[PDB]
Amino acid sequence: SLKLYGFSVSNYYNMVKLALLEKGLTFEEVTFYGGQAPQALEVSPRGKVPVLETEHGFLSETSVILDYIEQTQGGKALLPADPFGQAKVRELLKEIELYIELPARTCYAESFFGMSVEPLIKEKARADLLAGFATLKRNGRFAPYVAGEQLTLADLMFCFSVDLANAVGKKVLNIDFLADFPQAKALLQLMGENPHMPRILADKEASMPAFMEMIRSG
């Protein structure tokens, strides 16, 4: 009875999708690309993807959605038992989002759509990513997972942000962030071996041509 609005090329969508799959929860996928059309803003108020549809209405923002899922749904816990530990997962998830994912996102135009980004935007992304990766190294436990010895929400934000950020690094900035961050390199391969990953990546590939056609027309 949960519905997830988004598209399988979206990293933030894939984070929720993995959480639902990891938890063995039933959900229906609805193709939805967000954006600024008036009808789209009625579902997602800033036009972001994904959106969770519940009996009570829509929730947007991956971080918010994941917290609602933990609280309300059955299946494998994706948080530690203790309050401080939960806040530490959430601190790490937030850091990856604001200090790795968002700055990398400023360069997705160039890295994925072959459209060069302003030099001022590149400079800022390089400084922001260097700091974001430094923050993750300093604050992350990587034991092997981000926050410690168990898979948590922060590993979802890690595994679908750090891949894209490293692509931006190599293609746009001439920096391999993971070359000198072996903790992170090892976790990324580990998350790559999650039993639900083949389905996520298969759906992504299957969805890619429509996504690109949507881009091409708009």
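Residues carry their position along the shown sequence, with the first being 1.
- When the C-alpha B-factors of 168-176 and 40-48 are averaged, 168-176 comes out higher.
- The stretch 206-214 shows the higher mean C-alpha B-factor when 13-21 is compared against 206-214 in the entry.
- By the numbers in the PDB entry, the CA B factor is greatest at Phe112 among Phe84, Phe142, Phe112, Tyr99.
- Ranking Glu28, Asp155, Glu61, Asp67 by the C-alpha B-factor listed in the PDB entry places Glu28 at the top.
- Among the modelled residues of its chain, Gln73 has a C-alpha B-factor that falls in the highest third, as given in the PDB entry.
- Among the modelled residues of the chain, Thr106 sits in the middle third by CA temperature factor in this PDB entry.
- Residue-level temperature factors show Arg138 in the middle third of its chain, judged at the C-alpha atom.
- Residue-level temperature factors show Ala125 in the middle third of its chain, judged at the C-alpha atom.
- Looking at the C-alpha B-factors along this chain, the one for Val117 belongs to the highest third.
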